[PDB]
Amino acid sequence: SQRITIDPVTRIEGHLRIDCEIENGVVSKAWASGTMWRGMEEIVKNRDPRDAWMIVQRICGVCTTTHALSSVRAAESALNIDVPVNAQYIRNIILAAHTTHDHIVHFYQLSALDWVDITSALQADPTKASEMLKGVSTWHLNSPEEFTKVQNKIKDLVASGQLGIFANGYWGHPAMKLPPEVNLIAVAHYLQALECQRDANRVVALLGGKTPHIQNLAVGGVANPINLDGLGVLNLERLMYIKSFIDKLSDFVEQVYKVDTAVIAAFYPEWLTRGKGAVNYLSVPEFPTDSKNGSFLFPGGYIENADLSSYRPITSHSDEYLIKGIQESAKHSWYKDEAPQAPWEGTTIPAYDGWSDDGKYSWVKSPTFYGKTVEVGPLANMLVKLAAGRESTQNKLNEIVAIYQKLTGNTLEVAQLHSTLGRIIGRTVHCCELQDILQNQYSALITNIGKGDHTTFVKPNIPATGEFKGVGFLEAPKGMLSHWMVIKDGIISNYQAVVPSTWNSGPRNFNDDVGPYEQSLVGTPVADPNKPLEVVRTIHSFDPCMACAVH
């Protein structure tokens, strides 16, 4: 038995430590630890409900927008407010454009250097690399001349002797399988990704007022003033500008990101057979389109023991079965109260006593659904949409499988999606489907303004006595998010966030059951225990966010 520690894990959001016991070169047991806490739930308490969203948005700047939108949904739930449909269209465009930026940056800037060897790219033939993509992509920036320009940038960085954030990498590791030409293609696409994600955030900025950290929300709707004939407000010229950036996203997503996802699977097919974190999956429906906080464009649901054929649909953010099932425990976390707690009755009392393998070892809490461990995020979201029989999702997955089949001669079955590469595939499918959400909601907003509806905001009243409770659900880039608010005598008396990376990264629970990160690592082969790249590959597939997980 050897014991290793990976601290810090890089190319994530925030502060993560991973420990592994290794037996004969195979991981036998793992520990996940969030090593930073702020106490954001306690900072927001004892304030006016209307002020929470500006404070709790700062839980995370990578998944900016998400905690702002969950917080106003939670106050609207408590107060019984129906949001105007124009405010829904604007919230939906922001969340879909933000999520497009988030997924592109995760695949390229955070995950690609687990799979890609930059030094190998220096040995590539740029003409052979271009020829490999003929009949695989229609992208306009795969020429030998583009690839030669990118190769020369790598050559100049190496010649300088200042590799900086590219230094002391895993170059030559036995788990690096791509040929030189495919390493060069991937570096070219890493640089091209930075232009696409910038255009996605220009959509967010024009509605939000800036990004990171939008400033256009309210309990009761949005602060955008709709007036096609007004100077200095949201007029037809401003809407035309938004549309010009929406239109720039599709080609890179469909002809670069979707294709590279199939190509990485084709070269790493053993990664379809490892990294299973759970047998239960949860997602919430998203993108409401009616006057009563419902009629979602994407469906939600609960899968138990990997059985898609008997899943439970979720069509409402007021679903009592979803609400009643959620609890969190701190038995193996650095908090005082250990028994499972419903979030409206939650506490967050710090009790740091250092690391113990069998005691407390993390600032993350342990969430359960009716007492079970559950995986959230793009793998859960894709499996629920396939269980619903959503044609758009089956057709998009089939386009990835057709490219994989062209390169390997093999198909993919649903059993192979419960894996490190299945999780990456689910994130790409999501990013592709969000482009049609953007086109649909822009068209809906233009049509509704044309009918004479310019309404955006319902002013709340907040009773000065009494005690009442609300919950805001949101399908975030990393999975199901919920904010839980209790109001007493007009101010916040309890606030609890249960965040997607909390579900996946949390430590052993009240029954000592193992959550997704820790379960996914059992069985991982480790060629060099001093350089455990195989462990980081599986952990990065979950897109860890530790500011989110711990708050």
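In case it trips you up, residue 1 is the first one in the sequence shown, and so on.
Stretches 520-528 and 479-487 differ in mean CA B factor, with 520-528 having the higher one. Look at the C-alpha B-factors of 127-135 and of 464-472. On average they run higher in 127-135.
Taking the deposited Cα B-factors for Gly208, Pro269, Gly422, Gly300, the highest one is held by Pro269. Across the options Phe245, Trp355, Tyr108, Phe252, the residue with the most elevated CA B-factor in the record is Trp355. Per-chain ranking of the deposited C-alpha B factor places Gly220 in the lowest third. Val514: CA B factor in the highest third of modelled residues in this chain (values from the PDB entry). Ranked against the other modelled residues of its chain, the C-alpha B-factor of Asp543 as given in the entry falls in the lowest third. When the modelled residues of the chain are ordered by C-alpha B-factor, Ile4 sits in the highest third. Looking at the C-alpha B-factors along this chain, the one for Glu23 belongs to the highest third.
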